[PDB]
Amino acid sequence: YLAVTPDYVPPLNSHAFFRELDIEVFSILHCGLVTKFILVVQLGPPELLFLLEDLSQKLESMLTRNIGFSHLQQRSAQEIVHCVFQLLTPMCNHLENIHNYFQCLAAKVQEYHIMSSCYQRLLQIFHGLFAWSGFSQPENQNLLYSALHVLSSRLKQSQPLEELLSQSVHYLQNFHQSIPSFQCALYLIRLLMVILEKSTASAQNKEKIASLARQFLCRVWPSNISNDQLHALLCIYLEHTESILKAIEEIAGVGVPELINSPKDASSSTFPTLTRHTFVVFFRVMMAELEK
């Protein structure tokens, strides 16, 4: 009905018109996820996307105008972060199920996008929770330790903080092969950055960030990639690589000549994300990073 209705003012930007959902609604995320294909009343992909989209919007409002969030602003930021803390266990189960769903696709279309969108929403919520200004304070370090312990225990279960981050990043980095879209990869790589920022040792942390970032750049993403997202990933790869100068030689001295020899509607063999439409992004990042 909205398509055939150009101009219409709903009686009293969906958040400004729909009734706000309470923070206790997301307690039903404990229900398991059931997918019709490639796998009582149980949670489905379209219903999971609805809950995740609302939860991601709520966190983005405060952790990262007042219409549609009036009941949310009454609660404190710490309490909402505390509320999402108990949601880690159901989201990780949802996250793992989406991981397995995409892995089983190695061997319909409409349900594919919803599943990918759910996978995008979870990483945004995961990134938003850990990338909170409150974790810099010492009072919430116990909560941060508790949140990491949930992530670490997903593989094997008073551990020291260092291995808690090491296990959590390793568990999260295991999701890279199942990433279905460029946006999810950027959220995954940015989620690793904020968690690794807590660790004091950054000698090898930059290498795993840069190695994963290069793998995302060299991956043949099915066709969708925006220049702003590509610009963000290129900055991450260049700022974290071992030799920023040597990396610029590889892209400019190897990738660009390959693009020239390739036909007009093609891409570089070493960097499939580098095409004639994305050269401006690659050129702008390399020049700006070289100047820095």
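- Method of determination, as given in the entry header: cryo-EM; reported resolution: 2.85 Å.

- The name the PDB entry gives the chain is Fanconi anemia group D2 protein, with Homo sapiens as the organism.

### Quick word on the overall build of the chain
Point 1. Secondary structure summary: the chain contains twelve helices and zero strands in total.
Point 2. Along the chain direction, N to C, the helices and strands of the chain fall in the order α-α-α-α-α-α-α-α-α-α-α-α.
Point 3. Projected onto the principal axes, the alpha-carbon positions of the chain cover approximately 60 × 55 × 40 Å.
Point 4. Relative to its full complement of 292 residues, the chain shows a buried share of 43%.
Point 5. A total of about 16,700 Å² of accessible surface is found on the chain, and carbon and sulfur atoms cover 56% of it.
Point 6. Across the chain, the 20 positively charged side chains and the 25 negatively charged ones have centroids separated by 4 Å.

### Some details on the packing of helix α7 (residues 161–173) against helix α8 (residues 182–198)
Point 1. Viewed as axis vectors pointing N to C, α7 and α8 meet at an angle of 175 degrees, and their least axial separation amounts to 10 Å. In terms of orientation, α7 lies roughly antiparallel with respect to α8. The residues of α8 that touch α7, namely those facing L165, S168, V169, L172 and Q173, are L188, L191, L192, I195, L196 and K198.
Point 2. Here the contact of α7 with α8 is built from residues that sort into eight nonpolar, two polar and one charged.

### Points about the side chain of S178
Point 1. Residue placement: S178 occurs in the loop between α7 and α8.
Point 2. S178 sits in the buried class, given a relative accessible area of 4%.
Point 3. A distance of 3.5 Å separates a polar atom in the side chain of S178 from a polar atom in the side chain of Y119.
Point 4. Within the structure, the side chain of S178 is placed 3.0 Å from the backbone oxygen of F175, a separation counted as a polar contact.

### What about the environment of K292?
Point 1. Within the fold, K292 resides in the segment after α12 (279–291).
Point 2. Among the residues examined, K292 registers a relative accessible area of 67% and is labelled exposed.
Point 3. In the structure, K292 is positioned 26 residues away from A266 in sequence and 31 Å away in space, judged by C-alpha atoms.

### Considerations on helix α11 (residues 244–261)
Point 1. Relative to the 26 Å expected for 18 residues at 1.5 Å per residue, α11 spans 26 Å between its end C-alpha atoms, a close match to the ideal helical length.
Point 2. Residues of α11 that are buried include every one of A247, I248, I251, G255, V256 and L259, and no others.
Point 3. In the core, the buried residues of α11 are packed alongside α10 (227–240) and α12.

Thresholds, definitions, all that
- Residues numbered from 1 in each chain as written, not as in the entry; some residues may be left out.
- Part of a larger assembly, values for the part shown.
- Heavy atoms only, no water.
- Helix = DSSP H or I, 4+ residues; strand = E, 2+ residues; numbered from the N terminus.
- Buried < 20%, exposed > 50% of the residue type's maximum accessible area, 1.4 Å probe, protein only.
- Areas by Shrake-Rupley, 256 points an atom, 1.4 Å probe, with all protein chains shown as cover.
- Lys, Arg positive; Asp, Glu negative; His and termini not counted.
- Charge placed at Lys NZ, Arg CZ, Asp CG, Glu CD.
- Axes fitted to C-alpha atoms, helices over the stretch in contact; angles between N-to-C directions.
- Parallel < 35°, antiparallel > 145°, perpendicular 65-115°, else oblique.
- Contact = heavy atoms within 4.5 Å.
- Nonpolar A, V, L, I, M, F, W, Y, C, P; charged D, E, K, R; others polar.
- Polar contact = N/O pair within 3.5 Å; in protein donor to acceptor, adjacent residues only side chain to side chain.
- Expected span 1.5 Å × (residues − 1).

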